[PDB]
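Protein chains in written order, with PDB author numbering: chain C, 2 to 210; chain H, 674 to 913; chain A, 597 to 775; chain S, 1115 to 1197, 1207 to 1250, 1254 to 1263, 1278 to 1442; chain Z, 10 to 125; chain R, 121 to 146, 158 to 320, 328 to 537; chain Y, 290 to 337. Where is the CB? At the ideal position from N, CA and C, for every residue including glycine.
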DNA sequence: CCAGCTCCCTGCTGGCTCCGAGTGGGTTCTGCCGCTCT
RNA sequence: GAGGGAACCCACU
DNA sequence: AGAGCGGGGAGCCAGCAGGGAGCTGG
Ligand SMILES: [Zn+2]
Ligand SMILES: [Zn+2]
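Structure follows, in structure tokens:
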């Protein structure tokens, strides 16, 4: 049905806006709170007819501090995604000279596709994100506390205060859903702020492994 | 020392006279048990004549068992409350219960008024024979005395069916103790070996034997648990 | 706990018997052997098992069960420790003569009356004189040994106060009474 | 709700179990769907798993080589209105199970036509609730219709989510699962709102669902929350589950001990079970590992 | 409508359903031998999901002879007017949703069974 | 006391009768037959050798074993080429010493008045019921077991079988280890649900209809007469149909026995030897209680069909599943059955040793003495060891 | 084995005796490995 | 063209280790019977 | 002024 | 002849047999 899939497309787009805003990318306040009425007016109502088309939903954002640091958000039409699809999207990333992208798939990627993503990761960073996983913002859940990605100066200041090594910190996997949400690689440190029954506030730090 | 040497003057006992209730209380308990058994018979007639409406989330057995158990538990509670209201200030069961030294009001209820329903695995006494709990009952007898409701007290003494069903109930507790010991000990051993080397270090962090930080402060506030107390925040609940 | 048990006071574990005299009685009491029946006769008949061996079928199970109980209660062909069960709903009759079955004596009740009369008690007040004993009480058809699988088809009164009853008598078909 | 507590639930918690005995979700609803009972029942029906076997009263198979002359002779009129394999699958749906699921028969029919890709055609009418199935174009067609009939009965989802076997709707009378809000007066007000409990875990689908609260809807499954929400979220969920197990009796344990146990099981980024498989696979020395368990194996390994 | 197992008259095996396209009709064929037969019913199979309601066809009259069954006087037999009847619940696995009482007349040579 | 009295009066005699006779060939032919047992009263033989009636207090104080000698009558027949049978009768041959339960029939305290017991320094209130082994009073605790020869249908949880019929079939009137058959039904997790049979000493499942053909019933009508007794029941037809579908490919008896013998403990290389192995399994070893001789196939087939019928009754919900902890489903091995199981094993070992000795003395020699053939230490020390230690079996397999 | 390889010996007895040597050494190290008989004392109890 | 075709995904299934703490007391058993040689 | 183990059973909290 | 001596469940982890894209190859 067109109405419910339009609802999914709007919710995916809103979650991507919140995600890009959380990563520091310049996303304006109008498109954070884009209502379903506004999405229907701007994009369409009948995706099977093709008024909202997934390749028309492709987002381009830029970082706040660095305008040239840009990230694409792609929405493939086909449910699976194979090698030719990443090849097309990566040629597109070459011809705007952009090294970061998200791929919001519907059903998923074949293992060769993920292997190709890992292979091309040193030059262009490509993050697969299922539509089912993006249908909510998990950082708005009550169980998920506040994650802040730390800069390198802050990490060095942390490890000098606690006289710590990197492997002596607590760990978080690079495939963690919040780690995938914030798009963080190994060696980065996440400052977790959470409330505390005993202290009120507690700040944990987690190295990405 | 002081209280034990005053107890030589005052003295403290328990006897068969502390488990006696009034004649009026015996009549009240008998009336409550008779009315509750009649209510169970009425629910049985409703289910037998297909007039029992199932509740959301439950089958017809589950609604019938829940309603019968609610009636029987209300009977046990009301007979118990009558038993405790019958007690004098000189009663010694009450003397040890209100001091918290030994026993509960449930023990007073069972000794004085009604032992109550005997349960095996959370349900009533099962049909261990072909649709009978014992061969002294008719088949498909879902009444209280057939399925393990002991309507006698410990002073009145249990009938042979009630005695057997109470033995069935107590065997459950014996089994639960004897099979919970090993699993609980294994859980304790695994917890110890998982956290034996975790300790507060001299920079007040909490780290294991690999020197990896588990907590930056103990309990997130750095305080020992033997000196913290329950308190109330005076600004949380009041209105603006 | 619960794995090591103790016998009740009047519990007796059956010692074992041979199925042969019961089989010879059953062959000459209108039971039809499995070799000489058409299978179509099985559907409306009662299967007969002796020590778990299906030996034939019978068409009148109540009369056969009455005859069998009458034979056991007078210490005839069927000895006192033989178990005889009628699965009435399932249309089966199981006879057990093997060892290991645990039984207990029960007072036989016929038509809401104990077969134990005052003459039995007056005879049992003088064991050392009349040579009346418990075995004479068994041979009189007054008590009989009921094991667990037979006990699941009997109807027990806890006391003879149950036999004498009024209002909602609960039951008027008591077959046995607790001693 | 048959939720496990006490020692077995604590065993399922410290041993990080992929198969809880009674996995569950605590689904919270948004807005008016939380308030009135009928929209919450709509949410329940759209979460409750419904196969064809739930709503079916009968499935029969016929040899009907001429649909113009139906052998059943009760379906004749509307089959002649509509009017191929000679093999007929006549499906009669039970009336009450057709009604309480809030289904209409065209939804069922389009589910079959979507699932099988119109390799097999479906006629339907009701006013007796009857569908008819034929196969459009040596493994005989009656045996193939056997196979697709079993596939329709067992592995076909009409509405709901597959892992959720059952849903209980209830309105909590205690503040433990009530909606606590801060009014304009500034007090804490407990709002009674309808909440759902499940008998399976498919938390990601349920969180994505219409009118389900994406903030407070939680599970009792530790592995599933770890896979869906992360490691700090499963640290908090494990804290909550351990606190529930401990304080079911009314007993109190200081928070720092629970926090230390949860921090120990979640310090290295994954769920470390309190087993040999979790503790013996850390970077501890061989002597601690051999003191715990599998002594000879650990010492050969080292 | 249930369908049972139909047997080949020569070799006494089970007749499998089959169609012949020329007559385009349903014929039951044995496949131990080459026998065929016209099918009286076009029914090959019915599956009966919610038709386990009938239990009276499973009761036999011999339960009137059960001494452990409850007896009543307040439900006279419609078939013969006997006052006394045994009553019981259903002894099946479908009893988990029913406390339905079935009554059987205790008079011999009648054996009538009913409900309420 | 009653169980021990049955053990001595009946069980050892039937164990001796049940023992197959010793056929030995080089060739001269030797037949050994054990006919009639005799049990004496408990007597002691000192180093002087004079037999004495041994009191229980003497056994308790002197750490003796309160046992009685067991004598048996043996007949030896010799068959020579061109020479008639030679019949030698060894009367009352000592073969071992059976420990005697106190105050049983063959105890010296039997039938004694309280004055007679007090003159023997025995307590008249002492119940008896125990043995004296090396001066130690040993009591045989009764052992629970599932009842034999009875079909029990259970539901194996978390298994690929949904329902399972079971019968620990044991031959009555004889001591013989139980062989269990499992007629079961697969779980729904297959177009239909099929009825299968797990057989003794057969490593693999074989379907039930193949077994029914293997006893000699090739028609499906004949098999269904043994499984379904009223053909007007359609549901039980609907559940027996998948078994016929799965087992259609076998249609005659000999290929069915081939299919049975294909997965024994050792598959026979010769097809005829496989057929003989299948006959030996389906006759001697599958349901021994309904029949063990030849041409007893109809009773065995009827009982197997009853087992399938009970399985289908449980699968329909038409009959309630049996309870393992129901105590009419249990039997209690007392001193009688336990000592009879031991004595069967040890008499088998004694026959093995006598047969080995006589084969050794006919392979190179010409004759053997039977008094030297019988090692009474086998029975005596096996009974003494099992009663003394409680490890209930053989000495070298005590773990 | 040293006597057997010191003189002339068949290959199969060498292989069988190597199998016995391997079994004895492995049962010295571990006497509960499945699929092989337990190394036992002459009394019948397994070795530790 | 489209049939050929390798290499990481799922799933059954056998191996495999684990199953509370601390105390008394007892008994039976290891350590066994044939010999080959004088 | 101190010379066995192992297995099993019973019991205690 | 006689003595000493030879001789139960419950839960993991890994490994195999079937899938299915897919680059290389007409
Ligand atoms: Zn044929
Ligand atoms: Zn009538």
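Skipping 5 residues on each side, what residues in its chain have a beta carbon closer than 6 angstroms to that of residue i?
i	result
residue 1412 of chain S	1405 and 1418
residue 366 of chain R	374
residue 147 of chain C	194
Need the endpoints of the beta strand (DSSP E) that residue i sits in, please.
i	result
residue 202 of chain R	198 to 211
residue 1287 of chain S	First-last for residue 1287 of chain S: 1281 to 1293, but that is the alpha helix (DSSP H), not the beta strand (DSSP E).
residue 170 of chain R	160 to 170
residue 176 of chain R	174 to 176
residue 392 of chain R	It is not in any beta strand (DSSP E) - residue 392 of chain R instead sits in the alpha helix (DSSP H) that spans 391 to 399.
residue 267 of chain R	267 to 269
Of all the options the options, which has the alpha carbon lying nearest to the alpha carbon of residue i?
i	options	result
residue 82 of chain C	C:107, C:73, C:36 and C:102	C:107
residue 1259 of chain S	S:1242, S:1139, S:1280 and S:1279	S:1242
residue 1145 of chain S	S:1237, S:1422, S:1351 and S:1344	S:1351
residue 530 of chain R	R:363, R:272 and R:221	R:272
residue 906 of chain H	C:209, C:125, C:201 and C:186	C:201
residue 106 of chain Z	H:735, H:719, H:741 and H:688	H:735
residue 211 of chain R	R:159, R:468 and R:397	R:159
residue 275 of chain R	R:468, R:415, R:423 and R:257	R:468
Less than 8 angstroms separating the beta-carbons of residue i and residue j?
i	j	result
residue 1170 of chain S	residue 1178 of chain S	no
residue 773 of chain A	residue 702 of chain A	yes
residue 618 of chain A	residue 646 of chain A	yes
residue 36 of chain Z	residue 43 of chain Z	no
residue 240 of chain R	residue 200 of chain R	no
residue 121 of chain Z	residue 88 of chain Z	yes
residue 512 of chain R	residue 333 of chain R	no
residue 1193 of chain S	residue 1213 of chain S	no
What's the gap between the Cα of residue i and the Cα of residue j?
i	j	result
residue 290 of chain R	residue 845 of chain H	28 angstroms
residue 80 of chain Z	residue 115 of chain Z	9 angstroms
residue 407 of chain R	residue 127 of chain R	44 angstroms
residue 1218 of chain S	residue 1254 of chain S	8 angstroms
residue 55 of chain Z	residue 381 of chain R	19 angstroms
residue 334 of chain Y	residue 328 of chain Y	9 angstroms
residue 170 of chain Z	residue 371 of chain R	The shown model of chain Z, from 10 to 125, leaves out residue 170 of chain Z, and the question about it has no answer.
residue 39 of chain C	residue 75 of chain C	20 angstroms
Considering only residues of the same chain and omitting the five flanking positions on each side of residue i, which have a CB-CB separation below 8 angstroms?
i	result
residue 285 of chain R	294, 295, 297, 459, 460 and 462
Looking at the unbroken alpha helix (DSSP H) that takes in residue i, where does it start and where does it end?
i	result
residue 719 of chain A	714 to 720
residue 1309 of chain S	Element bounds for residue 1309 of chain S: not the alpha helix (DSSP H) but the beta strand (DSSP E), 1307 to 1310.
residue 1437 of chain S	1435 to 1441
Leaving aside the five residues before and after residue i along the sequence, list all residues of the same chain whose C-beta is less than 7 angstroms from its C-beta, in chain order.
i	result
residue 1182 of chain S	1194 and 1197
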